[PDB]
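Undergrad: compute the structure for the input listed below.
(chains A, B and C, ligands or ions: 6)
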Amino acid sequence: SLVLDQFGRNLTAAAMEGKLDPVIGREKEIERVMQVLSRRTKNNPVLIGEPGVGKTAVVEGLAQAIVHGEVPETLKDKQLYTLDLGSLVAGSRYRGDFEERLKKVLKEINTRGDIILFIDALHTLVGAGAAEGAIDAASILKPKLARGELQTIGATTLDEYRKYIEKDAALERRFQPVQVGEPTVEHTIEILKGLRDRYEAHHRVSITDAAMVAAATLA
Amino acid sequence: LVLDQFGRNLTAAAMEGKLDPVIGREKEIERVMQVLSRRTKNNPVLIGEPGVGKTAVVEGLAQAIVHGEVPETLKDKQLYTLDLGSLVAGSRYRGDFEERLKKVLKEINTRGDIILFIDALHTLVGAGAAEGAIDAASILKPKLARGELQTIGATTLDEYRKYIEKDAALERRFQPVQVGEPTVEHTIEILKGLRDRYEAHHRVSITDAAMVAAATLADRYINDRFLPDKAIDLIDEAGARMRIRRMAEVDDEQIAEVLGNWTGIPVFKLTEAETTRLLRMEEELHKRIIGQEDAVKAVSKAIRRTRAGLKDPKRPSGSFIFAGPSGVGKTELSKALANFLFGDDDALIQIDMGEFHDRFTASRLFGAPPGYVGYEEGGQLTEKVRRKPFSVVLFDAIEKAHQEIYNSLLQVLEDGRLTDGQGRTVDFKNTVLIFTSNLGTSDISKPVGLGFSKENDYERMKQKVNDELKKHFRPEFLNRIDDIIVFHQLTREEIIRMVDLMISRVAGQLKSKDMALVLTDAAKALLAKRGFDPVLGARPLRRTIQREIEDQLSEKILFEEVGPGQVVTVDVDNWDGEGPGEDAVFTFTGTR
Amino acid sequence: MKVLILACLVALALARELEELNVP
Ligand SMILES: Nc1ncnc2c1ncn2[C@@H]1O[C@H](COP(=O)(O)OP(=O)(O)OP(=O)(O)O)[C@@H](O)[C@H]1O
Ligand SMILES: Nc1ncnc2c1ncn2[C@@H]1O[C@H](COP(=O)(O)OP(=O)(O)OP(=O)(O)O)[C@@H](O)[C@H]1O
Ligand SMILES: Nc1ncnc2c1ncn2[C@@H]1O[C@H](COP(=O)(O)OP(=O)(O)OP(=O)(O)O)[C@@H](O)[C@H]1O
Ligand SMILES: [Mg+2]
Ligand SMILES: [Mg+2]
Ligand SMILES: [Mg+2]
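TA: Numbers count the residues shown, from 1 in each chain, chains lettered A, B, ... in the order given. Ligands and ions are numbered 1, 2, ... in the order given. Next comes the structure:
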């Protein structure tokens, strides 16, 4: 795109450039969002979970699964863009500027047809660009999200899901809650073993297997 | 035209087959057509909970127009879903919004064959209202008067009153159409009408067994969504999980797998590894609790009722009073049951009721009412079960709560429901509720009456607990409990096995030091005989293992007399089981 | 015998500042 580069970060372009961390495990959660994204209608997974259990990582693990071809043919060669709502609000001082930016984004999604959207902090879609008389981004997306003509991943914490998304009961319907559970200690050691090379290369250190068994156990 | 650049022509979408078949809901499609032909209150606003098919009624109205199944006064009308987003978009200048809405309304009056549909009619308040500009609500309010604007609306029941109702002007013009949540039998007919859409998108086959299961299991195991979609959610995601496997038959069992992934409630058909695991569940709980066989069986009768699809679905999956003496495994069984069902005993929703002895700490269980601080996050009981409906909920020390809390939890055992602070009912029908009591231990001394009396510490202690129970609780609270289990005192032979269960925690922490902890049979006999109280059980044993093993080992490790890579063998010097067992002392010798 | 009257604190906040849409 060019409309969607300035309001989104392409995670599949980031996953080809090795700019996303490896997502070890979480494969039942990536399989789960590939089911919800493969649905006919309401094909919109919201990743709910406690803060830091890897909700943003599941999508980044999904974006790595796309570029390594480990997705179905439904999700094959999808360009996953993380919709920056803050960029989409920014500089919308005139009436309808926010709304026409979101319509130009949604028009670019429909013409390409290969765009998964990741609205990280999906609770910020409620009231997104809702100034004086300014139809928020939630009311614009709710026709698109209900009929399956927009494939959007949300990610919200469990507190922010009951505080902001469950208080708009029409919007929580359009999204399927994919519970991203907190890893076990054994699952977290696997995460640390697969993240080992990223933190060894960054800190110019070597991380013993004892240190990551301790880091998951002691934390 | 003017209406295509803002609205979506639903009638043209129904000609091209792009709208889903809206079967059923016919009595309310034709009721919308009744309201459009009225004298006043001729604007049908479809009110209903989100998901019951309010948009589908007008999508079913568009399909009725293109089939010629409408009256001649609504024949060949063009439904337009006027979205406010396309109407605000653009408008980077003045009046842009009022003239783009005047050109919409002029085009409705010019052709005269437009039935306007304003989905989310509550969002009409504050659309295009720019600085020195009037919103879309103020522009149309008038048009409604002239009756030059028959609109169809669609709000929720909350947002109908929250807005459309209030406006008194709208009241005499808008007519709330109840769009009811369909029944299970209506939803099956919706899913049968929607087979060919979801069987063609996923190129699967959806059996009649699956759609009956989709509408039945969605009504039963969800309390946050609504019949139409809640069940289309199961059909569509199962066809989506199935089309990942062929890269073609969605069955009863494939629906319950999707409901299992989504609610977290195991409703799916038991695998062979898990079927025998529930057969040996009492044997698997006995790996973590010693003795207490009547209590391990009764929580085994409850879990196996649930996985045999056989519990009363108007009542929690298990309801228990664990009662008896302090320290014999009431909380340990609740943690072991949560460790069985979830692999981790921190998955136990442990609501420790001793900190609820105030009258008004019930607001911690269900949440604050709205408008009072902490309403938005309120409920440490209700929100943890709203997220995990299949849960073991431990109400530890239930007798130390206030009486008004039991009346709150009385609806729980009756209906399986609990109204929280907001007012939403939280489904407790899949929970194992465990109300741990400590009654029958405030006088426990081998409880005897007067003299000359000639099996008193259970068969009798049990009826003392049940007597203290019913004089403390309401009788309608205890009749709802499935099993009231008075626990046994731990026998001396159970304390010997409780030594193995407690040394294994100490030995496991020495494995982190690469040390082993071997105890002789005389060492475990001495811990058991000095750790046996016939009135408390296993916490005097814990304290004995701390004082005699752990506090001595904590010195020996810090002295580095024993260290890493060294098996600490624990033998006893002096004494041989036949003495009093308090002249003898442990000795700690490292070997390798 | 005694009753404690608690005190249900209400959530009360100042009115929201709004952000404006410009019409030139
Ligand atoms: N399965 C995983 N494999 C590897 N790294 C993971 C995994 N899950 C999470 N992480 C890492 O954990 C850190 C935090 O994860 P992430 O930011 O996705 O959490 P989150 O649930 O989105 O949190 P928040 O709700 O606060 O945004 C990151 O370094 C991320 O890469
Ligand atoms: N009678 C019906 N026949 C067939 N499908 C139906 C019927 N009622 C609802 N549906 C389907 O259920 C799903 C949700 O319906 P719809 O979007 O109209 O609900 P809604 O109440 O308008 O939702 P919201 O409040 O979020 O706008 C859609 O897939 C719709 O086609
Ligand atoms: N029957 C038992 N089987 C195994 N371990 C037990 C048993 N009873 C007690 N223990 C051990 O003692 C610990 C504390 O006992 P626990 O809290 O389970 O007793 P309780 O009777 O529920 O307590 P209380 O009566 O004070 O409410 C347990 O975590 C476990 O280590
Ligand atoms: Mg995140
Ligand atoms: Mg709708
Ligand atoms: Mg206890």
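Undergrad: quick check, residue A:182 in contact with residue A:51.
TA: No: taking Cβ atoms under 8 Å as the definition, residue A:182 is not a contact partner of residue A:51, at 10.1 Å. Bear in mind the C-beta positions are built from the backbone N, C-alpha and C, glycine included.
Undergrad: other residues contacting stretch A:58-69?
TA: Identification of contacts with stretch A:58-69 by Cβ atoms under 8 Å, 6 or more residues apart in numbering or on different chains yields A:11-12, A:14-16, A:20-23, A:26-27, A:29-30, A:33-34, A:47, A:71, A:75-78, A:80, A:82, A:116, A:118, A:120, A:153, A:155, A:178, A:180.
Undergrad: could you pick out which of those are near ligand 1?
TA: A:21-23, A:26, A:155 (Cβ under 6 Å from any ligand atom).
Undergrad: pick the one among the residues you listed closest to chain C.
TA: Closest to chain C out of these is residue A:155 (25.6 Å), distances taken as Cβ to the nearest Cβ.
Undergrad: assign a three-state SS to the closest one, would you?
TA: strand (DSSP: H, G, I helix; E, B strand; the rest coil).
Undergrad: rewinding a little: can you go through the contacts of stretch A:58-69 and name the buried ones?
TA: For the contacts of stretch A:58-69, a burial check counting by 16 or more other Cβ atoms under 10 Å in any protein chain shown picks out A:11-12, A:14-15, A:20-23, A:26, A:29-30, A:33-34, A:47, A:71, A:75, A:78, A:80, A:82, A:116, A:118, A:120, A:153, A:155, A:178, A:180.
Undergrad: narrow the residues you listed to those in helices?
TA: A:11-12, A:14-15, A:29-30, A:33-34 (DSSP state H).
Undergrad: now, among those residues, which is nearest to chain B?
TA: residue A:34 (6.8 Å).
Undergrad: correct me if wrong: that closest one contacts residue B:245.
TA: No: Residue A:34 is beyond contact range of residue B:245, at 12.0 Å (criterion: Cβ under 8 Å).
Undergrad: look through chain B and tell me its longest strand.
TA: Longest strand of chain B, by residue count under DSSP state E: strand B:566-573.
Undergrad: tell me what the next helix or strand after that one is packed against?
TA: Using DSSP states H and E, the helix or strand that follows strand B:566-573 towards the C-terminus is strand B:585-590. In terms of contacts (3 or more Cβ pairs under 8 Å, 6 or more residues apart in numbering or on different chains; DSSP states H and E), strand B:585-590 is packed against helix B:551-558, strand B:566-573.
Undergrad: now the longest helix along chain A - C-alpha only, PDB.
TA: Ranked by number of residues, the top helix in chain A under DSSP H is helix A:97-112. The C-alpha coordinates for helix A:97-112 follow below in PDB (Å, rounded to 0.1, in the frame of the first residue of the first chain):
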ATOM      1  CA  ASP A  97     -10.800  14.100   8.100                       C
ATOM      2  CA  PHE A  98     -10.700  11.200  10.500                       C
ATOM      3  CA  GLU A  99     -13.600   9.500   8.900                       C
ATOM      4  CA  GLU A 100     -12.200   9.900   5.400                       C
ATOM      5  CA  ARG A 101      -8.800   8.500   6.500                       C
ATOM      6  CA  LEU A 102     -10.500   5.400   7.800                       C
ATOM      7  CA  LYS A 103     -12.600   5.100   4.700                       C
ATOM      8  CA  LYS A 104      -9.500   5.400   2.500                       C
ATOM      9  CA  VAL A 105      -7.900   2.700   4.700                       C
ATOM     10  CA  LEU A 106     -10.900   0.400   4.400                       C
ATOM     11  CA  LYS A 107     -11.200   1.100   0.600                       C
ATOM     12  CA  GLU A 108      -7.500   0.000   0.300                       C
ATOM     13  CA  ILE A 109      -8.200  -3.200   2.200                       C
ATOM     14  CA  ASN A 110     -11.200  -4.000   0.000                       C
ATOM     15  CA  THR A 111      -9.300  -3.400  -3.300                       C
ATOM     16  CA  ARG A 112      -6.300  -5.400  -2.200                       C
END
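Undergrad: relative to the whole chain's centre, how far out is that helix?
TA: 18 Å (Cα atoms, centre = their mean, to the nearest Å).
Undergrad: repeat that for stretch B:343-357.
TA: 16 Å.
Undergrad: so how far is ligand 6 from the closest residue to residue A:164 other than its chain neighbours?
TA: In this structure, residue A:164 finds its nearest non-sequential neighbour in residue A:123, 3.6 Å apart by Cβ to Cβ, 6 or more residues apart in numbering or on different chains. The gap separating residue A:123 from ligand 6 is 38 Å, by Cβ to the ion, to the nearest Å.
Undergrad: tell me how far residue B:251 lies from chain A.
TA: 16 Å (Cβ to the nearest Cβ, to the nearest Å).
Undergrad: re the thing from before, closest one to residue B:502 out of the ones next to ligand 1 among the contacts of stretch A:58-69, please.
TA: When these are compared for distance to residue B:502 (Cβ to Cβ), residue A:26 wins out at 36.2 Å.
Undergrad: surely residue B:305 and residue B:313 touch.
TA: No: the pair residue B:305 / residue B:313 is not scored as a contact, 11.1 Å apart, by Cβ under 8 Å.
Undergrad: which residues sit against the helix or strand hosting residue B:61?
TA: Using DSSP H and E, residue B:61 sits in helix B:54-66. Applying Cβ under 8 Å, 6+ apart, the contact partners of helix B:54-66 are A:146, B:10-11, B:13-15, B:19-22, B:25-26, B:28-30, B:32-33, B:46-48, B:70, B:74-77, B:79, B:81, B:115, B:117, B:119, B:152, B:154, B:177, B:179, B:228.
Undergrad: out of those residues, which are buried?
TA: Using 16+ other Cβ under 10 Å as the burial test, the contacts of helix B:54-66 include A:146, B:10-11, B:13-14, B:19-22, B:25, B:28-29, B:32-33, B:46-48, B:70, B:74, B:77, B:79, B:81, B:115, B:117, B:119, B:152, B:154, B:177, B:179, B:228 as buried.
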